[PDB]
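>
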Amino acid sequence: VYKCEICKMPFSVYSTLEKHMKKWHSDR
Amino acid sequence: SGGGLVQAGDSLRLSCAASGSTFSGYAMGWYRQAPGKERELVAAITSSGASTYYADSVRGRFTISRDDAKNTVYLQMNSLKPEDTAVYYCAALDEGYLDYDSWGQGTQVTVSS
Amino acid sequence: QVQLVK
Ligand SMILES: [Zn+2]
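Chains as they are written, first to last, in the deposited numbering: chain C, 799 to 826; chain A, 7 to 119; chain B, 1 to 6.
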C-alpha cells in the first residue's frame, strides 16, 4: 500500500496518486 | 481541565487554531508522534469539509471537523485506548512532511487502562 | 497552525 510523501495518507491501487493530489492537495 | 492524562474509554477533544484565516483552502490533518514510531496521519479533512480520512486504528472512534470562520480544526476522540498515547499536532496536508520544528507545539495525550 | 489545546 502506497504512502503519500506529502501527507503520509495511505491510498490503495483503486485510487491513483494523481487523484490523491487533486482531491487532497488542491482546492476542494 | 488539567492535562492529557486519562484512562481508556474516556473521551477528549482537541482543537488547533491559528491567527488569520490560514487553514482556508487547505485540507488539514491531525498527526501523532507515538513513542517508537514516526508521524502518523490520524485524521484528515478536505478543504471544503466534504470528505474525510481516518487511520484504521481510530476509525469509528475519532471525528475531525473544521471551522474556517474561526480558523480552527477539531478532533473528537472517543474511547481512547493506550495505543492512542502520543504527541498530537495539526497541519496543512501540503505540509505533513515538514520538520516538527516548523509545526506548532503539540499536546500530549496519555491513556492508561 | 500554531497551538493545540485540550
Ligand atoms: Zn498527500
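Virtual Cβ for every residue (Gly too), placed ideally from N, Cα, C.
Would the C-beta of C/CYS802 count as close to ligand 1, meaning under 7 Å from any of its heavy atoms?
Checking every heavy atom of ligand 1 against the Cβ of C/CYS802, one is found closer than 7 Å.
> Quick one: which chain C residues come within Cβ less than 8 Å of A/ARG45?
Result: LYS806.
> Below 8 Å, can you find three or more Cβ-Cβ pairs linking the stretch 810–821 of chain C to the stretch 93–100 of chain A?
No: fewer than three Cβ pairs fall under 8 Å.
> For A/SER27, which residues of its own chain have a beta-carbon under 7 Å away from its beta-carbon, when the five flanking residues on both sides are left out?
Excluding positions up to five away in sequence, the list reads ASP74, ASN77.
> For A/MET83, name the three-state secondary structure that DSSP assigns.
Residue state, collapsed to three classes: strand.
> Is A/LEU104 near ligand 1 - that is, is its Cβ less than 7 Å away from at least one heavy atom of it?
No, the Cβ of A/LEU104 stays beyond 7 Å of every heavy atom of ligand 1.
> How far does the beta strand (DSSP E) with A/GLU46 in it extend, from its first residue to its last?
46–51 is the extent of the beta strand (DSSP E) around A/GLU46.
> Tell me which residues share the same chain as A/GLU89 and place their Cβ nearer than 7 Å to its Cβ, disregarding the 5 neighbours each side in the sequence.
So the list reads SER63, once near-sequence residues are dropped.
> With burial defined as no fewer than 16 other Cβ atoms inside 10 Å of the residue's Cβ, what is the status of A/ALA14: buried or exposed?
Label assigned to A/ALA14: exposed.
> Taking Cβ-Cβ distances below 7 Å as the criterion, which residues of the stretch 82–107 of chain A are in contact with chain C?
The stretch 82–107 of chain A vs chain C, Cβ under 7 Å: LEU99, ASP100, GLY102, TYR103.
> With DSSP as the reference, identify every bridge partner of A/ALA98, one or two as the case may be.
Paired residue(s): A/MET34.
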